[PDB]
Every structure is written in C-alpha cells, then in structure tokens.
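To begin, one chain is listed below as structure tokens, in the form deposited in one PDB entry.
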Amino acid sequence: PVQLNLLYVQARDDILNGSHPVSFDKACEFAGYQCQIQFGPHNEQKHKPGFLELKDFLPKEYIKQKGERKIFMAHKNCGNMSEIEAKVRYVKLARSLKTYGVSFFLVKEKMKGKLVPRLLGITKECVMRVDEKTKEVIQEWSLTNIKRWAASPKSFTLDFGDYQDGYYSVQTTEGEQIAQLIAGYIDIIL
C-alpha cells in the first residue's frame, strides 16, 4: 500500500494546511475519515470530548468553529471501515473536488462597494475564482480565454479579450508568481 499511503498523506497534508481549500462541511468529512485512520473505529468509552487536538485534523480557519461534534459524527459514520478503506475514501473525496490539483493564491478583489479576499486558482486547463470562505467555485475561465496577463509587485491582472468586459485586477504581492505559473502552462501546449 506504499502508493496509496503516499497519496493519502499528500492529500491529507494539502487539506490540513489550506493548499487544497475545502468548505467547512468537507473539512469535517475529511477529518471523520482521518479519525478512523488514526484511532480505528469510534468508541465512546475512549474518544471523549476535548480529546481531539483540532490543530491536527482541520485547517486553521476552522478550528474556531467548534466542530468536534461534527467530526465525531463523521467518525462514528465510518462504522468498522478498515484503515485502507478509509484511505481510499479520503483520496477519492479530495479528488472529487473541483479544487483538487489546483494551485491557489489568496488575493483581494474590488467590488461595487473595501477590498474582499478571494482564492484565485490556476491549472493547465483554466483559471478560477473561488470563495475564500465557502470554497464554492464562482467563476471559471478556460486558459484559451486569456488574451494577456500582467504582474506588478503589488497587483496581478488578466485581460480576457472578447470573453469578459473590463479587465480583472487583483491586489497581491505574488503577482509575478501567479503569472510565472500561467506562462509555464502556456509553454507546454506549443
């Protein structure tokens, strides 16, 4: 099971550190599985409230949310699932998510009313805006939709040509990093 363990660990780490943004509801599904993997089947006589160090089973934005009740429910819900079954399920859940395999940056946008954070994610196929809190995918642009791109030290910008009206502009210090990624994905196609 070497490669399955390598997969699970990658996917678990990326979720646990925010590399792979997941909704709170999904954070607890993942944790539920992690509980099964690390403690076996749930046993009320042994898994008492307060015993779960949330820093080790949840992304940090969600520790404040007092979701131990939610985690123990998902942990109970696993029944007598084997460790390896839980790992296959953990990986399948991660991969079932639009956000899987997506490099993200946390950036601030402007709206029609104060600058709001937003997760900007890049892959080889597209570029997406994703809700920084709910993680719902709110806009998806194919890479062939990008006329041109530009990076400041304190900004990143996309020009979509005839596909959207008005440039997409964004406060970020990683602007040169976002664009480096995009250029590399362009280079492979040609």
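Quick note: we count residues from 1 along the sequence shown, nothing fancier. Throughout, rigid core stands for the largest set of C-alpha atoms superposing within 1.5 Å between the two forms.
The following text describes the form deposited with a partner chain bound, which does not appear among the structures shown.
Heavy atoms within 4.5 Å of its partner chain in the bound PDB entry map, among the stretches 147-155, 50-58, 130-138, 30-38, onto 147-155 alone. Contact with its partner chain in the bound PDB entry, defined as a heavy atom within 4.5 Å, is made by all three of 160, 186 and 190. Checking 142, 134, 123, 164 for C-alpha shifts of 2 Å or more between the shown form and the other one, after the rigid core is superposed, gives a single hit: 164.
The gap between the Cα atoms of residue 168 and residue 162 is smaller in the bound PDB entry, by no less than 3 Å, than in this form.
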